[PDB]
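Report on the structure given below.
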Number of protein chains: 2
Amino acid sequence: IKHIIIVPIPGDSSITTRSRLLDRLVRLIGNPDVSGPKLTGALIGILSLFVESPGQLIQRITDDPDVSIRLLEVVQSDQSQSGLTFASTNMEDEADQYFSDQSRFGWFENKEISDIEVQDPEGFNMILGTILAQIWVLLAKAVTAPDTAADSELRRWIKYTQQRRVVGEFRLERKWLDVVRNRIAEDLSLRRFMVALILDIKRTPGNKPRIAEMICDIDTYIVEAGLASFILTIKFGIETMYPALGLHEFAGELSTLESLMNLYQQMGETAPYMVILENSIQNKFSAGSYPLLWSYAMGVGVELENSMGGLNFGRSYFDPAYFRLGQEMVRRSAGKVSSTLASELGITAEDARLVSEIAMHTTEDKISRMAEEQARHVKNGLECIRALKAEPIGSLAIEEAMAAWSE
Amino acid sequence: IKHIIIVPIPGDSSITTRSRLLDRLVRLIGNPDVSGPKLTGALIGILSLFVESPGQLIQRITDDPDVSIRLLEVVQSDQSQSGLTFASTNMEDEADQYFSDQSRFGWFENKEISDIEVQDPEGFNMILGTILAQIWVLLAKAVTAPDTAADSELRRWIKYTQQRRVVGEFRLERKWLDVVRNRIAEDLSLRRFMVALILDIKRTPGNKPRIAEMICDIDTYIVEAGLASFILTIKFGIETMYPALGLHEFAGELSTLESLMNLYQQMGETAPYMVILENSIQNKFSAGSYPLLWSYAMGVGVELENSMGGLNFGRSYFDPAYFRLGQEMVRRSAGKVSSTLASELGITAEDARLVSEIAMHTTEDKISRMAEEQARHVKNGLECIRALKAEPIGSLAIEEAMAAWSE
């Protein structure tokens, strides 16, 4: 009838248990001979290990109607082949059975690691943290779809913000990681649980402990990347409301987008994460479903913001003429703004024509715009410096700030 | 006394001359045995080939007090080893002398290219354009300093926006490119000329022809990248005016920055390009001269904008605690804004305390902020769609837009 996912959890507060379990689970996921449902179970096990009570979190947060989770209390055991068994009796086969040229095996890149069992908290958290990181990054990879900028951006980020919290000794093989990549690809359950986690971590009062905090970070990245193209296109393509929207060739897209926006809205407070949950959703909300309007919006965007740097239209359905069209619309819009402003002040059309021209040119010359921005900011900054020289600073303020930099 | 740079230019309108000259010059730059000054000459030759009269442009735009340019009118010749000679007589040695296991040689990656001489305009422009591109990209590389995101970003950009204008058949070896990299590194003259070009292309009335346009693009990229870190730091580090600026450990930096801003200002309309002209300037204006305040400003920035995606603090002097400090300042500033607003409306401090808390939390939860932004935009977009359904569109507008998309 209903699908059960077995998920192992620690059976006592001790770190040795927690740790040995983590070890055996990592070990288990690397086994080439393990079945999907089991793997998923093990992963939800591992994903839950960063709270004092994994089983609790799992119980309260799981939100999948098609499956039922059977938690499995695990404890130490000097008598089993594994260092572990269940409660409660003589279920040490269950235990050993459960964990059954060591080359077909996923493990760590560093072959000098023999095990990741550990008796201290701080040390358990480095291992757990480092592993959890790689794991969540995989998800991000899946969600950022074509873009390759994140196996980069995000590993880089984690590298520089988490140290000495994310450590290289505990980098696992591609072979190991691919199992996880795969389970994420193939299992709606696992994905539901990960989204649930995201939500839980978000809704936490605190006081986020290091690992929670970093996972939270990855999460934010994923969420903004998920629907980037979409929002980009709406923001610079539709909302600008340039005459080019009337062109016959946007007609079909605008309506797709209308569908996408209505769908988006109908999804309520879940709307952002949906591209994580089903890939088809992510593919349908992708730029590919309205490539022209997107290219246009790209143009409009970079024209409008004078930026550039960070954009990425390195894609197959990117049409550069639509980029140029967007840009030109932006220019002509400037022209219009200026002729309008001009006429209000009490100037004639004859005389406003030229104003329109010059405005368009003003928009066009982006080097000058940059120059102006820079100059502007430099002026501002000198102003602030001067100001601080003057009325310097309440020692109270400095005291609170010190009190800040402390923690 | 004064240093002369010999720079060859075409001696007639014909494309065969222009083309053969380009060929011999490329050929010449690849010669491992050529001297610096000569190479620079040849490069300024090649850089000028995209206007109807290279010599004119060179004459009017060169702005270097320490050197004097001797243009050299070149024309075809069925009698020299080269297909070229000078005016005006019997200076065909000058000519041949000038161009004197072919492995030590820079040339094209594609060994199937025998020569790039050509009799048509459209075809000369593909070669010239493709070469000029690689050239200007090198400069960009030099100016973007540590960042490696541009040998990427910018080649990608040029790839996708210029096609079929920038062609792979005409990719030159690293070996060839390195000569140019080197001359740019070692010669203030060449750099002055390139900046002059930048200015000229900027100041052009038009109607920018393809090649001009693309070079212009590269230029804009370079200019905004040049002082990014700097403006970033001023914008989010100083201008925000958070109490943390009072900390003893920013004291020394703020004053460096003050110096940098004063210097910047003193440089007038040249101020942006100066980081191109001397590397020491670029190094001094780099993040390395005020690393903490920069890290802080990074934090403040991503906290403030909820972005993320495109940032790059992958650097050695990046201090993440200062990032966190920046962030926290942003939060506390939110808190403050809200307590203030609260008290104006007629609320007590007791009651405003909590308001401050909640505001801080509002700032902190960035996933929620994202969510709100997305939702907001979706609403906006549906609104626009609805609006367009209603009062659709002046056919006149559509007509002008059509008239646009045409060109």
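Nothing in this text is a laboratory measurement; each read-out follows from the coordinates by a stated rule. Neighbour counts are summed over all protein chains in view; Cβ atoms, including those assigned to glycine, are modelled from backbone coordinates with ideal geometry.
Quick look at the numbers
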item	result
Innermost chain B residue relative to the axis carrying B onto A, by Cβ distance in angstrom	B:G310, 1
Copies compared at A:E391 - label distances in nm, ascending, label defined 7 Å from Cα in the Cβ direction	4.6
Computed magnitude of the charge dipole of the protein assembly as shown (debye, nearest 20; Cβ of K, R +1, Cβ of D, E -1)	200 debye
Proximal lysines to A:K38, defined as alpha-carbon separation beneath 16 angstrom and excluding residues fewer than eight positions away on the same chain	A:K2
Chymotrypsin sites (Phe, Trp or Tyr not before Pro) lying in DSSP loop within the range A:246-346, provided at most 14 other Cβ fall within 10 Å	A:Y317
7 Å along Cα→Cβ, label-point gaps from A:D120 to other copies, nm, shortest first	7.4
The protein assembly as shown - Rg (one decimal) and Dmax (whole number), Cα, Å	31.4, 110
Dipole axis of the protein assembly as shown (+1 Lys, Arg; -1 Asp, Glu on Cβ), positive-most option in B:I234, A:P8, B:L263	A:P8
Computed [θ] at 222 nm, deg cm²/dmol, chain A (DSSP H ≥ 4; -39,500 (n - 2.57); rounded to nearest 500)	-20000 deg cm²/dmol
GluC sites (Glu not before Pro) restricted to DSSP loop in the range A:169-200 with at most 16 other C-beta within 10 Å	A:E173
Counting DSSP beta bridges with both ends in chain A, the antiparallel % (nearest 5)	35 percent
For the protein assembly as shown, share of DSSP beta bridges that run antiparallel, in % to the nearest 5	35 percent
Amide H contacts of A:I69 (H built 1.01 Å from N, under 5 Å, at least 5 apart or other chain)	A:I5
Given B:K141/B:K284; B:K159/B:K284; A:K336/A:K366; B:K159/B:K235, the pairs whose alpha carbons are separated by over 24 Å	B:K159/B:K284; B:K159/B:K235
Chain A: C-alpha gyration tensor shape, a/c 1.5 cut-off, then a/b vs b/c	prolate
Inter-copy separations for A:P209, label at 7 Å along Cα-Cβ, nm, ascending	6.8
Shape call, the range A:3-224: gyration tensor on alpha carbons, a/c limit 1.5	rounded
